[PDB]
>>> print(open('final.tsv').read())   # TSV, C-alpha atoms and all ligand atoms
chain	number	residue	atom	x	y	z
A	21	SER	CA	7.28	-48.97	-17.56
A	22	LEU	CA	7.74	-45.68	-15.67
A	23	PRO	CA	6.08	-45.24	-12.26
A	24	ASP	CA	2.78	-43.40	-12.11
A	25	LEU	CA	2.12	-39.79	-11.16
A	26	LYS	CA	1.91	-39.50	-7.39
A	27	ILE	CA	0.05	-36.93	-5.27
A	28	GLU	CA	0.77	-36.78	-1.54
A	29	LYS	CA	-0.31	-34.29	1.11
A	30	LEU	CA	2.58	-32.30	2.56
A	31	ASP	CA	0.85	-29.84	4.93
A	32	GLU	CA	-2.55	-28.21	5.25
A	33	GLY	CA	-3.40	-27.05	1.76
A	34	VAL	CA	-0.14	-28.25	0.24
A	35	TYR	CA	0.41	-31.36	-1.89
A	36	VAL	CA	3.50	-32.71	-3.63
A	37	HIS	CA	3.06	-34.10	-7.12
A	38	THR	CA	5.80	-36.42	-8.39
A	39	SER	CA	5.98	-37.40	-12.04
A	40	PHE	CA	8.58	-39.58	-13.67
A	41	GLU	CA	10.47	-39.53	-16.93
A	42	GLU	CA	13.36	-41.45	-18.47
A	43	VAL	CA	16.17	-39.03	-19.26
A	44	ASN	CA	19.27	-40.50	-20.86
A	45	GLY	CA	22.16	-40.61	-18.42
A	46	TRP	CA	20.03	-40.06	-15.30
A	47	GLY	CA	17.69	-43.01	-15.78
A	48	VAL	CA	14.22	-42.51	-14.33
A	49	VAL	CA	14.03	-39.01	-12.85
A	50	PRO	CA	11.55	-38.00	-10.16
A	51	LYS	CA	10.23	-34.47	-10.45
A	52	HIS	CA	8.48	-32.95	-7.46
A	53	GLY	CA	6.15	-29.99	-7.80
A	54	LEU	CA	3.36	-28.64	-5.63
A	55	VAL	CA	-0.35	-27.97	-5.64
A	56	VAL	CA	-1.45	-25.26	-3.22
A	57	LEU	CA	-5.04	-24.78	-2.09
A	58	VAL	CA	-6.10	-21.20	-1.49
A	59	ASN	CA	-9.72	-21.49	-0.39
A	60	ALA	CA	-11.49	-23.64	-2.99
A	61	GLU	CA	-8.87	-22.98	-5.65
A	62	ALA	CA	-5.79	-24.91	-6.71
A	63	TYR	CA	-2.44	-23.52	-7.87
A	64	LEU	CA	0.14	-25.70	-9.59
A	65	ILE	CA	3.73	-25.05	-8.60
A	66	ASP	CA	5.44	-26.50	-11.68
A	67	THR	CA	3.81	-28.88	-14.18
A	68	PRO	CA	4.68	-32.55	-14.62
A	69	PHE	CA	6.98	-33.51	-17.46
A	70	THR	CA	4.04	-34.20	-19.80
A	71	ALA	CA	0.57	-33.13	-20.89
A	72	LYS	CA	-0.89	-36.51	-19.95
A	73	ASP	CA	0.43	-36.30	-16.41
A	74	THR	CA	-0.54	-32.62	-16.17
A	75	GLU	CA	-4.11	-33.53	-17.10
A	76	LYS	CA	-4.21	-36.32	-14.50
A	77	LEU	CA	-2.95	-33.79	-11.94
A	78	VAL	CA	-5.70	-31.36	-12.92
A	79	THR	CA	-8.54	-33.86	-12.91
A	80	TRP	CA	-7.35	-35.19	-9.52
A	81	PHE	CA	-8.10	-31.82	-7.91
A	82	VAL	CA	-11.13	-31.03	-10.10
A	83	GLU	CA	-12.63	-34.38	-9.03
A	84	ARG	CA	-12.24	-33.22	-5.40
A	85	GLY	CA	-14.03	-29.90	-5.87
A	86	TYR	CA	-11.10	-27.57	-6.58
A	87	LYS	CA	-10.85	-25.40	-9.67
A	88	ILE	CA	-7.41	-24.68	-11.13
A	89	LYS	CA	-6.83	-20.94	-11.05
A	90	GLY	CA	-3.19	-20.91	-12.14
A	91	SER	CA	0.15	-22.62	-12.58
A	92	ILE	CA	3.63	-21.15	-12.26
A	93	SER	CA	6.79	-22.75	-13.65
A	94	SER	CA	9.99	-22.26	-11.66
A	95	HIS	CA	12.41	-22.48	-14.60
A	96	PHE	CA	12.18	-23.06	-18.29
A	97	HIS	CA	13.10	-26.76	-18.57
A	98	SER	CA	10.32	-29.13	-19.54
A	99	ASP	CA	10.31	-30.73	-16.10
A	100	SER	CA	8.82	-27.43	-14.92
A	101	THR	CA	6.94	-26.40	-18.09
A	102	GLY	CA	6.00	-29.65	-19.88
A	103	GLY	CA	2.28	-29.13	-19.25
A	104	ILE	CA	1.99	-25.41	-20.04
A	105	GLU	CA	0.74	-26.07	-23.59
A	106	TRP	CA	-1.96	-28.40	-22.24
A	107	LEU	CA	-2.96	-25.84	-19.60
A	108	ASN	CA	-3.18	-23.05	-22.19
A	109	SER	CA	-5.56	-25.20	-24.23
A	110	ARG	CA	-7.84	-25.48	-21.19
A	111	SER	CA	-7.84	-21.72	-20.43
A	112	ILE	CA	-5.93	-22.29	-17.19
A	113	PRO	CA	-3.76	-19.21	-16.45
A	114	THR	CA	-0.07	-20.05	-16.69
A	115	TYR	CA	2.68	-17.90	-15.20
A	116	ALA	CA	6.41	-17.74	-15.80
A	117	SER	CA	8.96	-14.98	-15.39
A	118	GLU	CA	9.76	-12.78	-18.37
A	119	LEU	CA	13.17	-14.45	-18.67
A	120	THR	CA	11.66	-17.94	-18.39
A	121	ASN	CA	9.21	-17.23	-21.23
A	122	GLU	CA	12.06	-15.63	-23.18
A	123	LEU	CA	14.03	-18.86	-22.79
A	124	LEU	CA	10.97	-20.88	-23.81
A	125	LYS	CA	10.56	-18.73	-26.92
A	126	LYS	CA	14.19	-19.25	-27.88
A	127	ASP	CA	13.79	-23.05	-27.49
A	128	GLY	CA	10.73	-23.17	-29.76
A	129	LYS	CA	8.52	-24.11	-26.77
A	130	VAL	CA	5.04	-22.87	-25.81
A	131	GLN	CA	5.09	-19.93	-23.39
A	132	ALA	CA	2.98	-19.10	-20.36
A	133	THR	CA	0.12	-16.67	-21.00
A	134	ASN	CA	1.25	-14.48	-18.07
A	135	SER	CA	4.61	-13.17	-17.00
A	136	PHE	CA	6.16	-11.27	-14.15
A	137	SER	CA	9.44	-9.47	-13.72
A	138	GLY	CA	11.37	-8.29	-10.71
A	139	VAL	CA	12.91	-10.32	-7.95
A	140	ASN	CA	9.61	-10.76	-6.12
A	141	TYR	CA	6.10	-11.52	-7.28
A	142	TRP	CA	2.91	-12.54	-5.49
A	143	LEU	CA	1.01	-15.16	-7.43
A	144	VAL	CA	-1.58	-14.93	-4.64
A	145	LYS	CA	-1.03	-12.11	-2.19
A	146	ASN	CA	0.22	-13.29	1.21
A	147	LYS	CA	-0.16	-16.93	0.16
A	148	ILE	CA	2.14	-17.81	-2.76
A	149	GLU	CA	5.23	-15.70	-3.45
A	150	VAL	CA	7.87	-16.04	-6.15
A	151	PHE	CA	11.48	-15.01	-5.56
A	152	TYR	CA	14.54	-14.96	-7.81
A	153	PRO	CA	17.77	-15.71	-5.92
A	154	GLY	CA	20.09	-15.26	-8.92
A	155	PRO	CA	21.29	-17.79	-11.49
A	156	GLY	CA	22.16	-21.32	-10.55
A	157	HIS	CA	20.73	-24.44	-12.14
A	158	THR	CA	19.54	-22.15	-14.95
A	159	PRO	CA	19.70	-18.39	-15.60
A	160	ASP	CA	15.99	-18.05	-14.80
A	161	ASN	CA	15.39	-20.39	-11.86
A	162	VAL	CA	13.06	-19.09	-9.14
A	163	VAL	CA	11.76	-20.41	-5.84
A	164	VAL	CA	8.24	-20.32	-4.45
A	165	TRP	CA	7.68	-19.41	-0.80
A	166	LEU	CA	4.47	-20.16	1.12
A	167	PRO	CA	4.57	-17.75	4.07
A	168	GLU	CA	1.73	-19.25	6.10
A	169	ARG	CA	3.33	-22.71	6.12
A	170	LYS	CA	7.02	-21.80	5.88
A	171	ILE	CA	7.39	-24.14	2.91
A	172	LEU	CA	9.93	-23.30	0.21
A	173	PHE	CA	9.73	-24.95	-3.18
A	174	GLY	CA	13.30	-24.75	-4.37
A	175	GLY	CA	12.81	-26.48	-7.66
A	176	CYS	CA	15.90	-27.49	-9.57
A	177	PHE	CA	17.99	-24.96	-7.62
A	178	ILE	CA	17.99	-27.04	-4.43
A	179	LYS	CA	20.55	-29.80	-4.99
A	180	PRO	CA	21.92	-31.28	-1.76
A	181	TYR	CA	23.87	-34.27	-3.19
A	182	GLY	CA	24.89	-33.20	-6.70
A	183	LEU	CA	24.08	-30.36	-9.04
A	184	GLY	CA	22.41	-32.54	-11.66
A	185	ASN	CA	22.14	-31.37	-15.25
A	186	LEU	CA	24.65	-28.56	-15.76
A	187	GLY	CA	23.77	-27.92	-19.40
A	188	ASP	CA	22.37	-24.46	-18.70
A	189	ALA	CA	23.77	-23.96	-15.20
A	190	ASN	CA	25.80	-20.93	-14.12
A	191	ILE	CA	28.29	-22.59	-11.80
A	192	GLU	CA	30.09	-19.33	-11.02
A	193	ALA	CA	26.99	-17.47	-9.77
A	194	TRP	CA	25.28	-20.45	-8.14
A	195	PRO	CA	27.24	-20.17	-4.84
A	196	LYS	CA	26.36	-16.50	-4.41
A	197	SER	CA	22.75	-17.33	-5.34
A	198	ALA	CA	22.61	-20.22	-2.90
A	199	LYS	CA	24.12	-18.19	-0.07
A	200	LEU	CA	21.50	-15.48	-0.60
A	201	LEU	CA	18.76	-18.14	-0.62
A	202	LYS	CA	20.15	-19.71	2.54
A	203	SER	CA	20.07	-16.50	4.54
A	204	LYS	CA	16.63	-15.37	3.31
A	205	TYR	CA	14.74	-18.64	3.90
A	206	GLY	CA	16.72	-20.03	6.83
A	207	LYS	CA	13.55	-20.27	8.90
A	208	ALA	CA	11.82	-22.49	6.32
A	209	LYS	CA	10.25	-25.50	7.95
A	210	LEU	CA	10.14	-27.60	4.77
A	211	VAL	CA	12.26	-27.39	1.63
A	212	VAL	CA	11.08	-29.21	-1.51
A	213	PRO	CA	13.64	-29.93	-4.26
A	214	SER	CA	12.77	-30.96	-7.79
A	215	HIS	CA	14.64	-34.24	-7.90
A	216	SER	CA	15.52	-35.08	-4.31
A	217	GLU	CA	13.50	-35.72	-1.19
A	218	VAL	CA	11.76	-33.05	0.88
A	219	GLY	CA	13.84	-31.81	3.78
A	220	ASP	CA	14.27	-29.06	6.36
A	221	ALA	CA	16.33	-25.86	6.11
A	222	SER	CA	19.61	-27.83	6.12
A	223	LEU	CA	19.00	-28.54	2.41
A	224	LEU	CA	19.90	-24.89	1.87
A	225	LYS	CA	23.28	-25.44	3.51
A	226	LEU	CA	23.91	-28.64	1.56
A	227	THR	CA	22.91	-26.92	-1.69
A	228	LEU	CA	25.47	-24.24	-0.93
A	229	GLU	CA	28.10	-26.89	-0.19
A	230	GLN	CA	27.46	-28.60	-3.52
A	231	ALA	CA	27.60	-25.35	-5.48
A	232	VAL	CA	30.92	-24.30	-3.95
A	233	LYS	CA	32.28	-27.78	-4.62
A	234	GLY	CA	30.96	-27.71	-8.18
A	235	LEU	CA	32.66	-24.37	-8.83
A	236	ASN	CA	36.02	-25.60	-7.52
A	237	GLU	CA	35.98	-28.80	-9.57
A	238	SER	CA	35.55	-26.76	-12.75
A	239	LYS	CA	39.05	-25.30	-12.16
B	301	LIG	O1	15.81	-29.86	-14.33
B	301	LIG	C1	16.67	-30.41	-15.07
B	301	LIG	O2	17.33	-29.81	-15.94
B	301	LIG	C2	16.98	-31.87	-14.89
B	301	LIG	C3	16.54	-32.82	-15.80
B	301	LIG	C4	16.86	-34.14	-15.56
B	301	LIG	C5	17.60	-34.47	-14.43
B	301	LIG	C6	18.03	-33.49	-13.53
B	301	LIG	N1	18.78	-33.84	-12.34
B	301	LIG	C7	19.62	-34.88	-12.24
B	301	LIG	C8	20.10	-34.86	-10.89
B	301	LIG	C9	21.09	-35.85	-10.27
B	301	LIG	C10	20.46	-37.24	-10.33
B	301	LIG	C11	21.28	-38.35	-10.38
B	301	LIG	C12	20.72	-39.61	-10.44
B	301	LIG	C13	19.33	-39.76	-10.44
B	301	LIG	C14	18.50	-38.65	-10.38
B	301	LIG	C15	19.07	-37.39	-10.33
B	301	LIG	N2	19.51	-33.84	-10.28
B	301	LIG	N3	18.73	-33.25	-11.15
B	301	LIG	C16	17.71	-32.20	-13.77
B	301	LIG	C17	18.16	-31.11	-12.81
B	301	LIG	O3	19.39	-30.93	-12.62
B	301	LIG	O4	17.33	-30.41	-12.21
B	302	ZN	ZN	16.19	-27.85	-15.09
B	303	ZN	ZN	14.98	-30.35	-12.89
>>> encode(input="final.tsv", output="C-alpha cells")
Amino acid sequence: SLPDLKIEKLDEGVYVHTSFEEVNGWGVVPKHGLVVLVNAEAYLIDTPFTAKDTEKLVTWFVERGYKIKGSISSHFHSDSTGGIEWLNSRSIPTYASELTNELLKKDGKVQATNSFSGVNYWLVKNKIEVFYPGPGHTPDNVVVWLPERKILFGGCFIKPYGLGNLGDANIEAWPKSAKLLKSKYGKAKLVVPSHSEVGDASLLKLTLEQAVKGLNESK
C-alpha cells in the first residue's frame, strides 16, 4: 500500500533516504533523512519511521561495502527516531541530544546510546556537525550541517509551505529560531527538509515566513 523506501544520491558522499508512513490527517507522509559517507563509513542522519525500513537502509549500504558507524536523530518524534531500537540491537552507535533522549524517555520510547549537549556538536569532526537553533517544530529540534558540501539537513524545522504537526511545536520561539538559522546557514547550497522537497537557501526564508505567519494566526 505505502510506497517503498527510496535512496537517491544528493551530492558526493551524500544520499537522501525517503520512507513513507500513513499518519491520520496528513495521509501518506514522506520523511527525508540522509546517509553521509565519510571514507568507507556510513552515518545515518535520522532513521526511517520503522525498524523494517531502517534495516533495509542499513543493508543497502552494507551491501555496497560501507559499515554503519553511527546514526543521529534530529528530534524526538518517531519519524526521526523510529529505527533507534533496531540500531541499538545491532550495536550501531546512536546519537541524540540530551533533551531529545529526555523527551524519548518521557514518551516511553527507546533512547539513543549516546548523547551530546550544547548548541554545537561534531558527530564527525569537520564532516558532520550538529547545531541547535532554538525551539521550533519541537523543543529539541536540531539541524545537521555538512561543511564540505554546504548541505544543511533541516529536519522537521524547515517548513516552507506550512508548519505541519504543531502538537509539540513552540510557535512563539520558532520565528526567532528560524531567523537565527537563516543568518547562520545563508550560504547553504542545499537545504533538505523532513517532509518537503530539497531546495536552496531560500527555504530558510520561506520557513521564517511560515513561522511568523503561524505565530500571528494564533492570536
Ligand atoms: O515530524 C512530525 O512531527 C510530523 C509527523 C507527520 C507529519 C508532519 N508534517 C506534516 C506537514 C504538512 C503536510 C501536509 C500534507 C502532506 C504532508 C505534509 N509537514 N510535516 C510532521 C512534521 O510537522 O514534521
Ligand atoms: Zn516531528
Ligand atoms: Zn517530521
>>> closest_atom_pairs(input="final.tsv", of="range 39-75 of chain A", to="range 110-119 of chain A", cutoff="12 Å", atoms="only C-alpha atoms", output="tab-separated table")
residue	atom	partner	partner_atom	distance
A:61	CA	A:112	CA	11.9
A:62	CA	A:112	CA	10.8
A:63	CA	A:113	CA	9.7
A:64	CA	A:114	CA	9.1
A:65	CA	A:115	CA	9.8
A:66	CA	A:115	CA	9.7
A:67	CA	A:114	CA	10.0
A:71	CA	A:110	CA	11.4
A:74	CA	A:110	CA	11.4
A:75	CA	A:110	CA	9.8
>>> residues_near_ligand(input="final.tsv", ligand="ligand ZN 302 (chain B)", cutoff="8 Å", atoms="all atoms listed in the file", output="list in words")
residues 95, 96, 97, 98, 99, 100, 157, 158, 176, 185 and 188 of chain A
>>> atom_distance(input="final.tsv", atom1="atom ZN of ligand ZN 303 (chain B)", atom2="CA of residue 104 in chain A")
15.6 Å
>>> closest_atom_pairs(input="final.tsv", of="chain A", to="ligand LIG 301 (chain B)", cutoff="9 Å", atoms="only C-alpha atoms and all ligand atoms", output="CSV")
residue,atom,partner,partner_atom,distance
A:41,CA,B:LIG301,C4,8.5
A:42,CA,B:LIG301,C4,8.6
A:43,CA,B:LIG301,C4,6.2
A:44,CA,B:LIG301,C4,8.6
A:45,CA,B:LIG301,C12,8.2
A:46,CA,B:LIG301,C13,4.9
A:47,CA,B:LIG301,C13,6.5
A:48,CA,B:LIG301,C13,7.0
A:49,CA,B:LIG301,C14,5.1
A:50,CA,B:LIG301,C14,7.0
A:51,CA,B:LIG301,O1,8.2
A:95,CA,B:LIG301,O1,8.1
A:96,CA,B:LIG301,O1,8.7
A:97,CA,B:LIG301,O2,5.8
A:98,CA,B:LIG301,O1,7.6
A:99,CA,B:LIG301,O1,5.8
A:100,CA,B:LIG301,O1,7.4
A:157,CA,B:LIG301,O3,6.6
A:158,CA,B:LIG301,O2,8.0
A:175,CA,B:LIG301,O4,7.5
A:176,CA,B:LIG301,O4,4.2
A:177,CA,B:LIG301,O4,7.2
A:178,CA,B:LIG301,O4,8.5
A:179,CA,B:LIG301,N2,6.7
A:181,CA,B:LIG301,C9,7.8
A:182,CA,B:LIG301,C9,5.8
A:183,CA,B:LIG301,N2,5.9
A:184,CA,B:LIG301,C8,3.4
A:185,CA,B:LIG301,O3,3.8
A:186,CA,B:LIG301,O3,6.6
A:187,CA,B:LIG301,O2,7.6
A:188,CA,B:LIG301,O2,7.9
A:189,CA,B:LIG301,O3,8.6
A:213,CA,B:LIG301,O4,8.8
A:214,CA,B:LIG301,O4,6.4
A:215,CA,B:LIG301,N3,5.3
A:216,CA,B:LIG301,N2,7.3
>>> closest_residue(input="final.tsv", among="A:77, A:163, A:235, A:191", to="residue 205 in chain A", atoms="only C-alpha atoms")
A:163
>>> closest_atom_pairs(input="final.tsv", of="range 61-107 of chain A", to="range 132-156 of chain A", cutoff="10 Å", atoms="all atoms listed in the file", output="Markdown table")
| residue | atom | partner | partner_atom | distance |
| --- | --- | --- | --- | --- |
| A:63 | CA | A:148 | CA | 8.9 |
| A:65 | CA | A:148 | CA | 9.4 |
| A:90 | CA | A:143 | CA | 8.5 |
| A:91 | CA | A:132 | CA | 9.0 |
| A:92 | CA | A:143 | CA | 8.1 |
| A:93 | CA | A:132 | CA | 8.5 |
| A:94 | CA | A:150 | CA | 8.6 |
| A:101 | CA | A:132 | CA | 8.6 |
| A:104 | CA | A:132 | CA | 6.4 |
| A:105 | CA | A:132 | CA | 8.0 |
| A:107 | CA | A:132 | CA | 9.0 |
>>> write_last_selection(input="final.tsv", atoms="C-alpha atoms", output="PDB file, in the frame of the given file")
ATOM      1  CA  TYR A  63      -2.440 -23.520  -7.870  1.00  0.00           C
ATOM      2  CA  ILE A  65       3.730 -25.050  -8.600  1.00  0.00           C
ATOM      3  CA  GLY A  90      -3.190 -20.910 -12.140  1.00  0.00           C
ATOM      4  CA  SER A  91       0.150 -22.620 -12.580  1.00  0.00           C
ATOM      5  CA  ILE A  92       3.630 -21.150 -12.260  1.00  0.00           C
ATOM      6  CA  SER A  93       6.790 -22.750 -13.650  1.00  0.00           C
ATOM      7  CA  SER A  94       9.990 -22.260 -11.660  1.00  0.00           C
ATOM      8  CA  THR A 101       6.940 -26.400 -18.090  1.00  0.00           C
ATOM      9  CA  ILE A 104       1.990 -25.410 -20.040  1.00  0.00           C
ATOM     10  CA  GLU A 105       0.740 -26.070 -23.590  1.00  0.00           C
ATOM     11  CA  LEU A 107      -2.960 -25.840 -19.600  1.00  0.00           C
TER      12      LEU A 107
END
>>> residues_around(input="final.tsv", residues="residue 33 in chain A", least_positions_apart="6", cutoff="9 Å", atoms="all atoms listed in the file", output="list in words")
residues 55, 56, 57, 58 and 59 of chain A
>>> atom_distance(input="final.tsv", atom1="CA of residue 197 in chain A", atom2="CA of residue 121 in chain A")
20.9 Å
>>> closest_residue(input="final.tsv", among="A:167, A:232, A:237, A:40", to="residue 21 in chain A", atoms="only C-alpha atoms")
A:40
>>> residues_around(input="final.tsv", residues="residue 36 in chain A", least_positions_apart="2", cutoff="6 Å", atoms="all atoms listed in the file", output="ChimeraX atom specification")
/A:27-28,53-54
>>> write_last_selection(input="final.tsv", atoms="C-alpha atoms", output="compact mmCIF listing (two decimals), in the frame of the given file")
# COMPACT_ATOMS: atom_id res chain seq x y z
CA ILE A 27 0.05 -36.93 -5.27
CA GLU A 28 0.77 -36.78 -1.54
CA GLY A 53 6.15 -29.99 -7.80
CA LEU A 54 3.36 -28.64 -5.63
>>> atom_distance(input="final.tsv", atom1="CA of residue 160 in chain A", atom2="CA of residue 123 in chain A")
8.3 Å
>>> residues_around(input="final.tsv", residues="residue 201 in chain A", least_positions_apart="5", cutoff="12 Å", atoms="all atoms listed in the file", output="MDAnalysis selection string")
chainID A and resid 151:156 161:165 172:174 177:178 194:196 206:208 211 221:228
>>> axis_aligned_box(input="final.tsv", around="range 81-97 of chain A", padding_each_side="8 Å", output="JSON")
{"center_x": -0.5, "center_y": -27.6, "center_z": -12.0, "size_x": 43.1, "size_y": 29.5, "size_z": 29.2}
>>> closest_residue(input="final.tsv", among="A:26, A:125, A:131, A:32", to="residue 80 in chain A", atoms="all atoms listed in the file")
A:26
>>> closest_residue(input="final.tsv", among="A:76, A:60, A:166, A:209", to="residue 25 in chain A", atoms="all atoms listed in the file")
A:76
>>> closest_residue(input="final.tsv", among="A:52, A:239, A:29, A:37", to="ligand ZN 303 (chain B)", atoms="only C-alpha atoms and all ligand atoms")
A:52
>>> build_atoms(input="final.tsv", residues="range 105-122 of chain A", atoms="N, CA, C and O atoms", output="short mmCIF file (atom, residue, chain, number, x, y, z; two decimals), in the coordinates of the input")
data_model
loop_
_atom_site.label_atom_id
_atom_site.label_comp_id
_atom_site.auth_asym_id
_atom_site.auth_seq_id
_atom_site.Cartn_x
_atom_site.Cartn_y
_atom_site.Cartn_z
N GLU A 105 1.56 -25.99 -22.38
CA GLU A 105 0.74 -26.07 -23.59
C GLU A 105 -0.63 -26.68 -23.30
O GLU A 105 -1.67 -26.12 -23.69
N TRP A 106 -0.67 -27.80 -22.58
CA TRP A 106 -1.96 -28.40 -22.24
C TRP A 106 -2.81 -27.46 -21.39
O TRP A 106 -4.01 -27.33 -21.62
N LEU A 107 -2.21 -26.77 -20.43
CA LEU A 107 -2.96 -25.84 -19.60
C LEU A 107 -3.52 -24.68 -20.43
O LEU A 107 -4.66 -24.26 -20.21
N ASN A 108 -2.73 -24.15 -21.35
CA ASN A 108 -3.18 -23.05 -22.19
C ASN A 108 -4.40 -23.46 -23.01
O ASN A 108 -5.32 -22.65 -23.21
N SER A 109 -4.44 -24.71 -23.46
CA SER A 109 -5.56 -25.20 -24.23
C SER A 109 -6.81 -25.36 -23.38
O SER A 109 -7.91 -25.45 -23.93
N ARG A 110 -6.68 -25.39 -22.05
CA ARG A 110 -7.84 -25.48 -21.19
C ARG A 110 -8.18 -24.15 -20.52
O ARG A 110 -9.02 -24.12 -19.64
N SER A 111 -7.57 -23.05 -20.95
CA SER A 111 -7.84 -21.72 -20.43
C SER A 111 -7.41 -21.57 -18.99
O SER A 111 -7.95 -20.73 -18.26
N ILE A 112 -6.46 -22.38 -18.53
CA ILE A 112 -5.93 -22.29 -17.19
C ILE A 112 -4.77 -21.26 -17.22
O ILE A 112 -3.85 -21.46 -18.02
N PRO A 113 -4.84 -20.21 -16.43
CA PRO A 113 -3.76 -19.21 -16.45
C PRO A 113 -2.41 -19.84 -16.11
O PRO A 113 -2.27 -20.50 -15.08
N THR A 114 -1.42 -19.62 -16.97
CA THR A 114 -0.07 -20.05 -16.69
C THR A 114 0.82 -18.83 -16.47
O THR A 114 0.65 -17.80 -17.13
N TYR A 115 1.74 -18.95 -15.53
CA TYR A 115 2.68 -17.90 -15.20
C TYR A 115 4.11 -18.41 -15.34
O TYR A 115 4.40 -19.58 -15.13
N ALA A 116 4.98 -17.50 -15.75
CA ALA A 116 6.41 -17.74 -15.80
C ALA A 116 7.05 -16.36 -15.86
O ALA A 116 6.46 -15.42 -16.38
N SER A 117 8.25 -16.25 -15.31
CA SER A 117 8.96 -14.98 -15.39
C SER A 117 9.14 -14.56 -16.85
O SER A 117 9.05 -15.38 -17.78
N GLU A 118 9.41 -13.27 -17.04
CA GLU A 118 9.76 -12.78 -18.37
C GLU A 118 10.95 -13.53 -18.96
O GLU A 118 10.93 -13.94 -20.12
N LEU A 119 12.01 -13.71 -18.17
CA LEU A 119 13.17 -14.45 -18.67
C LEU A 119 12.83 -15.90 -18.99
O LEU A 119 13.30 -16.44 -19.99
N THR A 120 12.04 -16.56 -18.13
CA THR A 120 11.66 -17.94 -18.39
C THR A 120 10.94 -18.07 -19.72
O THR A 120 11.27 -18.93 -20.54
N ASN A 121 9.93 -17.21 -19.96
CA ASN A 121 9.21 -17.23 -21.23
C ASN A 121 10.12 -16.85 -22.40
O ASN A 121 9.99 -17.40 -23.50
N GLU A 122 11.03 -15.91 -22.18
CA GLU A 122 12.06 -15.63 -23.18
C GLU A 122 12.84 -16.89 -23.53
O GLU A 122 13.07 -17.18 -24.71
#
